[PDB]
Amino acid sequence: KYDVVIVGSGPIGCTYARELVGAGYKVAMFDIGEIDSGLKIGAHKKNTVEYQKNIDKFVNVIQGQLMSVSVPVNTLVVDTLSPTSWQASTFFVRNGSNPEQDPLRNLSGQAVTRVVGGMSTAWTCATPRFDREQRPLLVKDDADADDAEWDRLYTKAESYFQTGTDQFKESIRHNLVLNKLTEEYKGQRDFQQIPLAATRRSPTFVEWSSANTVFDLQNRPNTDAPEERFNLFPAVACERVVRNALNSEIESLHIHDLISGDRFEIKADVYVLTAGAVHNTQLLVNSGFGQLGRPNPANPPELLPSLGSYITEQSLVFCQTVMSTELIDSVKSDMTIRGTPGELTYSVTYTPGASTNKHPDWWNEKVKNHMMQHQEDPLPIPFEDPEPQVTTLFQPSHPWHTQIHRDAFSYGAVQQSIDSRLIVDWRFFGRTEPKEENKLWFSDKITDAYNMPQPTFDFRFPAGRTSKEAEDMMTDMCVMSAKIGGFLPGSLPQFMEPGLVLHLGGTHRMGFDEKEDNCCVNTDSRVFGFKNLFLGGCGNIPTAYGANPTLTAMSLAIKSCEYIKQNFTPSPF
Amino acid sequence: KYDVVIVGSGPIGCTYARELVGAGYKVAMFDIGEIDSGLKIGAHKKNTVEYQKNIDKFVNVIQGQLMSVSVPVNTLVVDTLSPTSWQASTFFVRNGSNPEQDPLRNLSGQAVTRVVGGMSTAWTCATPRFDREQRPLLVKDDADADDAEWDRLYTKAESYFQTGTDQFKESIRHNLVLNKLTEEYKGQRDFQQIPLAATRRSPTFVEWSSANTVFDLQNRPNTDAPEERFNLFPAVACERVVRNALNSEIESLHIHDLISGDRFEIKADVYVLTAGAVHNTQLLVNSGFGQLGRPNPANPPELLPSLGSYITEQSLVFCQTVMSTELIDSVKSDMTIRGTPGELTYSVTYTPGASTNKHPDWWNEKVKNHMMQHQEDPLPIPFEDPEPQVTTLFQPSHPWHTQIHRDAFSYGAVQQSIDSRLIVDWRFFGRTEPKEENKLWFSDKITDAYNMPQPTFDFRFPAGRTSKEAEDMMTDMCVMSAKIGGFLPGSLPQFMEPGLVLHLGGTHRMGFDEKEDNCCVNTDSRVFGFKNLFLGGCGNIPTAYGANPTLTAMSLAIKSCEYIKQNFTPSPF
Amino acid sequence: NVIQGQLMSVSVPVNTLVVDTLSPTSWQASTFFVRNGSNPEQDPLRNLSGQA
Amino acid sequence: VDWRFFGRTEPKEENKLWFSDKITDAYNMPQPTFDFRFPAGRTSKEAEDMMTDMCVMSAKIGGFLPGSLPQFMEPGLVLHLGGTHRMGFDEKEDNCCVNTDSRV
Ligand SMILES: Cc1cc2nc3c(=O)[nH]c(=O)nc-3n(C[C@H](O)[C@H](O)[C@H](O)COP(=O)(O)OP(=O)(O)OC[C@H]3O[C@@H](n4cnc5c(N)ncnc54)[C@H](O)[C@@H]3O)c2cc1C
Ligand SMILES: Cc1cc2nc3c(=O)[nH]c(=O)nc-3n(C[C@H](O)[C@H](O)[C@H](O)COP(=O)(O)OP(=O)(O)OC[C@H]3O[C@@H](n4cnc5c(N)ncnc54)[C@H](O)[C@@H]3O)c2cc1C
Ligand SMILES: OC[C@H]1O[C@@H](O)[C@H](O)[C@@H](F)[C@@H]1O
Ligand SMILES: OC[C@H]1O[C@@H](O)[C@H](O)[C@@H](F)[C@@H]1O
Ligand SMILES: OC[C@H]1O[C@@H](O)[C@H](O)[C@@H](F)[C@@H]1O
């Protein structure tokens with residue numbers, strides 16, 4: 001028996017833990033995955049000296065913990081086997097494939113992570129706010145009050161994640177790109193650093209944020225928190241919440257301890273599901289919410305009929321570019337060069353404080369020293385210069401989020417022939433209208449690796465605005481990127497596989513009224529009809545959004561915890 | 001000040017820790033890498049429920065922690081850049097490439113791991129003994145005594161690693177392959193399970209061994225070892241051992257703390273280098289042993305002239321096969337089948353104890369139940385059947401090691417069209433003659449990511465026996481694999497990139513006499529001339545070997561620790 | 001190239017490759033319909049795909 | 001050096017070339033359709049013995065060239081299709097279409 005049980009140790013479960021552990025509740029958290037980040041539990045796996053000296057290797061960490069959600073039956077023909085080798089005469093269900101899944105209506109890129117800290121052990125740490133157009137209402141019919149509430153919640157969420165907008169301010173590459181885009185779109189669009197949940201520790205090391213930054217996940221009481229009560233139980237699959245007959249309260253959480261193999265019940269006053277947008281939905285459907293099995297309008301669900309409908313996933317377009325000659329030359333515009341590199345007389349100088357100069361003295365000092373100390377190198381950019389981290393945020397006239405940066409999630413073999421200092425990534429993210437017909441559903445016959453109902457998608461990007469904007473977004477990336485350089489062969493402009501982006505929303509969506517707003521939870525993230533069941537995560541977000549969703553989910557979680565603190569009393573200690 | 005300092009927390013450093021911590025020495029261990037395996041420090045990263053349900057993902061873990069040793073300057077032509085993109089007019093040194101390295105005399109596949117537990121956090125756990133022909137002598141001119149000494153040491157090493165030869169005995173696939181090969185080579189060759197450092201915990205989970213199994217790496221004193229003294233210091237680059245002027249003793253270890261950035265000296269009575277075959281050599285050369293820079297016979301080293309010469313790396317050939325129809329049919333040979341799958345009357349039965357039957361009752365029960373419970377599946381092998389783990393060990397008439405198995409280190413995109421139950425890997429490992437001209441050397445101008453002398457290889461597989469055997473080995477794999485099935489398209493018979501195998505030896509090789517045996521350390525792993533400096537690892541092994549080397553290195557380490565225990569006194573506690 | 005330019009495949013089964021990186025604006029069918037001269041009679045697993 | 005080894009295939013009644021009664025080819029003729037598998041038994045055993053023979057023989061000349069590793073080619077690439085209108089002495093006894101003068 002606990003006051004609060006939290007299912008999942010990602011950043012949203014850790015928001016609940018931070019708030020409720022600190023308010024004096026006796027809290028248990030369960031995660032199906034295991035401790036994986038070193039002694040700081042749930043921390044970012046990129047925070048090792050070795051990864052930040054070898055950042056192109058971190059893609060492997062990401063791939064090693066992303067398990068595909070739904071893989072259709074494979075129908076590739078291999079007809080070069082030896083005649084002696086066994087073969088079936090059909091494309092039978094094999095290798096964990098989902099025979100429920102239509103390959104042409106999938107989110108094939110969707111994947112999940114089962115590790116303590118969830119996906120925050122690997123994420124990019126981009127934490128923009130949503131503007132009004134992307135954001136669910138929290139206050140009706142008072143836009144200024146709605147704005148104020150979101151400001152309060154986002155400010156707190158940014159403190160929990162340690163979001164900032166200046167960690168890359170000393171990068172030549174970053175400023176080169178930022179300034180060029182600002183000049184080219186003079187006035188029409190604004191560019192800034194991507195807001196990043198990160199703290200720079202040195203010129204070559206950034207402590208990226210994670211679940212661990214939100215809550216350190218150490219069992220309590222302990223020496224630094226002697227009056228707090230928290231236990232984390234890894235390798236525990238949560239399987240079901242038990243409803244009372246009234247459908248007004250949850251009475252227990254059924255768990256499966258994966259090490260001992262045993263199944264148990266856990267009692268709490270408050271149950272919080274933060275297993276991610278897929279797995280929250282799976283747990284609820286396994287518990288009698290929504291409808292199990294292939295959708296069937298001749299059998300409508302008794303509870304939460306919009307659960308698993310109106311799902312959204314963003315369109316993602318990507319390319320990389322190779323910096324233009326004009327931009328590279330501009331880095332060294334303040335330099336006077338005499339002689340030829342490698343000779344006795346070679347000299348690269350700048351007149352400091354000359355205001356015929358384009359750059360600050362710090363920039364020019366970096367460049368001069370690189371040029372003098374590495375005369376065999378043909379570029380003016382220092383070797384350890386950090387990557388660009390640039391955005392123009394979503395606006396009505398460009399309704400997509402943008403990142404102009406270097407991401408550790410590379411999508412192809414990493415090329416080695418072109419100097420890495422020249423390369424910039426472009427990722428533009430589109431917003432998807434919620435539609436009832438877009439669904440996440442769970443099989444009544446097929447099970448996943450943990451013996452739970454197999455997830456199945458029925459998804460297409462909506463016709464209309466979603467599709468038109470997606471193609472306008474692609475064009476915008478082609479036009480904007482060209483101001484910085486031409487495309488890099490092997491990273492030409494492309495749409496990524498649906499759901500690779502991992503910004504799935506709306507699977508258990510929020511609204512004011514269950515029926516009118518086709519929703520599952522209220523603005524306190526409380527499941528309609530239930531006193532003591534709350535859902536956290538991106539699954540709550542009911543709108544068409546392009547920006548990265550986690551900060552918005554965390555903000556909703558903070559609001560949810562206010563409701564809990566006001567309506568449930570911590571047990572005596 | 002410590003009694004013993006150990007550089008590196010791989011399985012060989014942990015052998016030294018196990019032996020010396022337990023004998024009451026005050027021990028410090030430094031590793032340049034960080035804690036990465038969860039709460040069990042230095043443990044195998046495959047020991048998570050999630051990886052063993054998704055084993056094809058573990059390749060990513062391996063790739064994410066293998067950093068190439070020496071990458072030659074890239075000369076690929078990309079001529080499809082936009083005219084606006086910057087480009088150099090030469091193939092200049094970029095992206096961390098090593099301009100010292102001849103691309104045609106490299107071990108391009110060689111890589112290192114910088115993580116607590118070293119490569120044992122990811123390894124395959126194959127731990128065969130070497131036979132006489134592969135093994136260095138420990139006793140001269142008394143082969144039976146030599147045998148006895150190796151038996152004693154290997155027995156102890158096998159206890160430390162928890163090596164066994166029965167963990168796969170209940171696999172249908174394993175036994176199918178094993179038995180077929182035994183029959184086909186009736187008498188001529190013997191097949192057995194690969195010896196594996198592993199303990200099966202359930203039919204679907206194996207606790208693979210690692211450094212952590214050898215020594216748990218927890219600081220001591222602690223509750224379970226209250227009279228022991230050990231500290232592990234991760235994120236500490238060891239840079240130099242300081243020689244006294246006599247070249248008879250090491251007086252300190254120079255370290256660089258990578259978090260604080262500070263450099264310190266550490267004093268011990270005994271210094272143990274277990275940084276791996278590359279990095280032991282780098283540390284020694286950085287300390288004044290051997291010769292820094294491009295080899296030059298007009299400037300012979302004052303100390304350890306054979307350091308970094310006589311290096312060996314194994315040839316590796318690989319393929320995968322798809323099980324033959326005849327073998328698949330044999331799984332179900334004891335079954336009577338009536339009706340057609342999916343109908344009311346379908347029946348798969350066996351007569352238990354009939355000794356017209358080919359298989360034991362347990363096998364037939366597994367098959368019957370799979371066939372009855374999964375009538376839509378066309379194969380008789382159960383879904384969770386473990387992989388084959390088969391070897392015929394090196395012999396004079398087939399002087400290569402073999403593994404007929406499923407390894408988590410896949411080398412290509414994992415194919416999805418052919419059922420995984422059908423697939424078997426084949427890896428044959430050849431022995432390489434030590435030759436003085438095969439060298440690992442370190443640049444006097446180029447530095448690696450940790451500001452240490454850049455490693456450079458000058459390597460070719462020797463002409464003569466090595467090359468002839470390598471090609472005979474390839475042919476042997478082609479002939480043997482054909483008894484099980486035809487090749488799998490996309491995994492056709494091939495030599496792997498030189499050094500991918502990661503069995504590099506001989507970089508600081510062992511022998512009885514420094515000059516006569518062209519060696520660096522004696523049979524106690526003590527560096528000649530030095531009272532208190534010991535080297536552990538594969539770098540010690542001076543012979544041409546085909547089998548996996550770690551168990552042999554650990555056995556040498558056990559012997560080294562006997563010498564230490566007999567010649568150095570632990571400080572009072 | 002001469003050889004390839006004059007070898008016309010005898011029987012090509014219906015293609016079932018999934019391309020899911022098209023733009024949302026591009027037309028697509030909801031099935032693997034008979035297209036590009038493929039032979040819907042042909043079992044892809046009992047063919048001489050190289051015959052030409 | 002290239003290595004190409006060619007195996008013999010037992011004739012079996014079940015291996016067929018047939019023509020569609022609905023689908024037509026580019027010249028508006030009945031579309032050809034194959035129903036073919038290499039026979040179990042001798043054909044398949046020999047094919048795999050042939051592969052092994054190529055691996056053993058080629059090794060006396062040199063190692064494989066990366067990108068041209070030992071492989072079976074797509075069925076029928078070889079273009080040595082036979083027996084579609086086969087010869088024999090007696091139509092029924094020898095399951096055939098033409099006599100030894102190639103007369104139908
Ligand atoms: C490579 C990558 C880059 C990303 N970059 C960004 C970015 O820059 N900005 C951003 O906003 N978003 C980003 N995302 C998305 C972001 O990581 C997620 O939105 C966020 O982690 C969701 O938090 P969560 O706590 O709701 O769920 P998760 O982080 O998914 O955590 C859910 C947890 O629940 C557990 N669990 C699941 N099922 C069960 C069960 N049945 N029982 C018990 N436990 C269970 C899991 O093991 C997991 O740890 C990125 C994701 C990835 C992988
Ligand atoms: C994928 C894979 C599969 C393998 N499978 C097998 C197998 O089945 N059987 C087998 O016998 N072998 C196998 N090997 C090889 C085996 O893992 C190594 O032989 C073994 O780990 C070597 O042990 P070690 O302690 O000498 O060195 P390592 O395990 O390399 O450990 C050396 C340690 O030293 C540290 N270090 C390096 N430089 C410094 C420095 N300057 N200062 C401080 N610390 C430093 C490193 O961070 C590291 O942790 C495999 C390896 C890999 C990667
Ligand atoms: O695919 C990588 C992308 O993944 C998304 O989940 C992140 O939000 C982006 F920041 C990131 O660039
Ligand atoms: O490349 C993988 C191979 O790596 C080697 O280091 C191991 O010893 C083998 F067991 C393993 O199959
Ligand atoms: O695929 C090419 C082969 O084609 C066959 O038709 C020829 O008979 C062979 F000689 C030739 O090598």
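Letters go in sequence order (proteins before strands), and every chain restarts at 1. Note that ligands are numbered from 1 as they come in the structure, with each ligand's atoms numbered from 1 the same way.
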Taking the side chain as C-beta and beyond, is there a heavy-atom pair between [X] and [Y] under 4.5 Å?
{"X": "B:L551", "Y": "B:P128", "answer": "no"}
{"X": "A:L316", "Y": "A:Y411", "answer": "yes"}
{"X": "A:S287", "Y": "A:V241", "answer": "yes"}
{"X": "B:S525", "Y": "B:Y16", "answer": "yes"}
{"X": "A:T552", "Y": "A:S555", "answer": "no"}

Legend entry - ligand 3 contact on A:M496 by region, counting heavy-atom pairs under 4.0 Å: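 Within the 4.0 Å criterion, A:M496 makes no contact with ligand 3.
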
Inset, instruction - Would you mind telling me if ligand 3 is within reach of the side chain of A:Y411, the backbone, both or neither, using heavy atoms under 4.0 Å? - result: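 Near ligand 3, A:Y411 shows its side chain, while the N, CA, C and O stay back.
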
Return the closest protein heavy atom for [atom] as residue, atom name and distance.
{"atom": "atom 37 (C) of ligand 1", "result": "A:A275 O, 3.4 Å"}
{"atom": "atom 22 (C) of ligand 1", "result": "A:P11 CG, 4.3 Å"}
{"atom": "atom 27 (O) of ligand 1", "result": "A:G276 CA, 3.9 Å"}
{"atom": "atom 16 (C) of ligand 1", "result": "A:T550 OG1, 3.4 Å"}
{"atom": "atom 24 (P) of ligand 2", "result": "B:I12 CG1, 3.7 Å"}
{"atom": "atom 7 (C) of ligand 3", "result": "A:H503 NE2, 3.5 Å"}
{"atom": "atom 47 (O) of ligand 1", "result": "A:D31 OD1, 2.6 Å"}
{"atom": "atom 4 (C) of ligand 1", "result": "A:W123 CB, 3.4 Å"}
{"atom": "atom 5 (N) of ligand 1", "result": "A:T124 N, 3.1 Å"}
{"atom": "atom 4 (O) of ligand 3", "result": "A:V501 O, 3.7 Å"}
{"atom": "atom 38 (N) of ligand 1", "result": "A:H279 CB, 3.4 Å"}
{"atom": "atom 10 (F) of ligand 3", "result": "A:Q403 NE2, 3.0 Å"}
{"atom": "atom 12 (O) of ligand 3", "result": "A:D407 OD2, 2.7 Å"}

Could you tell me which atoms of ligand 2, counted from 1 in the order shown, lie closer than 4.0 angstrom to a heavy atom of [X]?
{"X": "B:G118", "value": "29 (O), 31 (O), 48 (C), 49 (O)"}
{"X": "B:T113", "value": "46 (C), 47 (O), 48 (C)"}
{"X": "B:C125", "value": "7 (C), 8 (O)"}
{"X": "B:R114", "value": "47 (O)"}
{"X": "B:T274", "value": "32 (C), 33 (C), 34 (O)"}
{"X": "B:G10", "value": "25 (O), 29 (O), 31 (O)"}

Legend entry - With A:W426, the side-chain contact (heavy atoms from CB on, under 4.5 Å) member among A:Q320, A:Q403, A:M477: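 Exactly one pass, corresponding to A:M477.
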
Inset, instruction - Report the part of A:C538 (side chain from C-beta onward, or backbone N, CA, C, O) that has a heavy atom under 4.0 Å from ligand 1; answer both or neither where that applies. - result: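 Near ligand 1, A:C538 shows its side chain, while the N, CA, C and O stay back.
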
Inset, instruction - Say whether A:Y160 and A:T15, considering side chains only, have a donor N or O and an acceptor N or O under 3.5 Å apart. - result: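 Distance-only check fails for A:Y160 and A:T15.
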
Could you check whether any side-chain N or O of [X] sits under 3.5 Å from a backbone N or O of [Y], counting only pairs where one atom can act as donor and the other as acceptor?
{"X": "B:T113", "Y": "B:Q65", "value": "yes"}
{"X": "A:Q314", "Y": "A:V501", "value": "no"}
{"X": "B:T447", "Y": "B:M452", "value": "no"}
{"X": "A:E313", "Y": "A:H503", "value": "yes"}
{"X": "A:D425", "Y": "A:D407", "value": "yes"}
{"X": "B:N280", "Y": "B:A275", "value": "yes"}
{"X": "B:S120", "Y": "B:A211", "value": "yes"}
{"X": "B:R18", "Y": "B:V214", "value": "yes"}
{"X": "B:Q389", "Y": "B:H405", "value": "no"}
{"X": "B:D31", "Y": "B:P234", "value": "no"}

Inset, instruction - Mind checking whether B:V115 contacts ligand 2 via backbone (N, CA, C, O), side chain (CB onward), both or neither, at a 4.0 Å heavy-atom cut-off? - result: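 For B:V115, only backbone atoms sit under 4.0 Å from ligand 2.
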
Inset, instruction - With heavy atoms under 4.0 Å as the rule, classify the contact between B:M119 and ligand 2 as side chain, backbone, both or neither. - result: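 Under 4.0 Å from ligand 2, B:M119 contributes backbone and side-chain atoms.
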
Inset, instruction - Indicate yes or no: does an N/O atom of B:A126 lie under 3.5 Å from an N/O atom of ligand 2? - result: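 N/O-N/O distance under 3.5 Å: yes.
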
Check each of [options] against [atom] and report the one with the nearest heavy atom.
{"atom": "atom 1 (C) of ligand 1", "options": "A:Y450, A:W208, A:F409", "result": "A:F409"}
{"atom": "atom 40 (C) of ligand 2", "options": "B:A122, B:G537, B:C238", "result": "B:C238"}
{"atom": "atom 45 (C) of ligand 2", "options": "B:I32, B:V116, B:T15", "result": "B:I32"}
{"atom": "atom 53 (C) of ligand 1", "options": "A:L502, A:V59, A:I255, A:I194", "result": "A:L502"}

Inset, instruction - Check each of B:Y545, B:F429, B:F130 against B:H401 using the ring-ring contact (aromatic ring centres under 6.0 Å, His included) test, and report the only one that passes. - result: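 Among the candidates, only B:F429 passes.
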
Inset, instruction - Please name the residue in the list A:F58, A:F161, A:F409 that meets the ring-ring contact (aromatic ring centres under 6.0 Å, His included) test with A:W123. - result: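 Going through the options one by one, the only one that passes is A:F161.
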
Legend entry - A:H405: numbered ligand 3 atoms lying under 4.0 Å from its heavy atoms: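 The list of qualifying atoms is 12 (O).
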
Legend entry - Atoms of ligand 3, numbered as shown, that sit under 4.0 Å from any heavy atom of A:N548: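 Listed by number with element, the hits are 7 (C), 8 (O), 9 (C), 10 (F).
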
Inset, instruction - Determine, using heavy atoms of B:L283 and all atoms of ligand 2, whether some pair is separated by less than 4.0 Å. - result: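 Distance cut 4.0 Å: B:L283 fails for ligand 2.
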
Inset, instruction - Check if B:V236 has a non-hydrogen atom at a distance under 4.0 Å from any atom of ligand 2. - result: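 B:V236: in contact with ligand 2 (<4.0 Å).
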
Legend entry - Aromatic plane relationship, A:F233 with A:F30 - under 30° parallel, 30 to 60° tilted, over 60° perpendicular: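 Aromatic pair A:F30/A:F233 classed parallel.
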
Inset, instruction - Look only at interatomic distance and state if A:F409 has a nitrogen or oxygen under 3.5 Å from any nitrogen or oxygen of ligand 3. - result: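 Not met; the criterion fails.
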
Legend entry - A:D407 touching ligand 1 at heavy-atom level, < 4.0 angstrom: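 Outside the 4.0 Å threshold, so no.
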
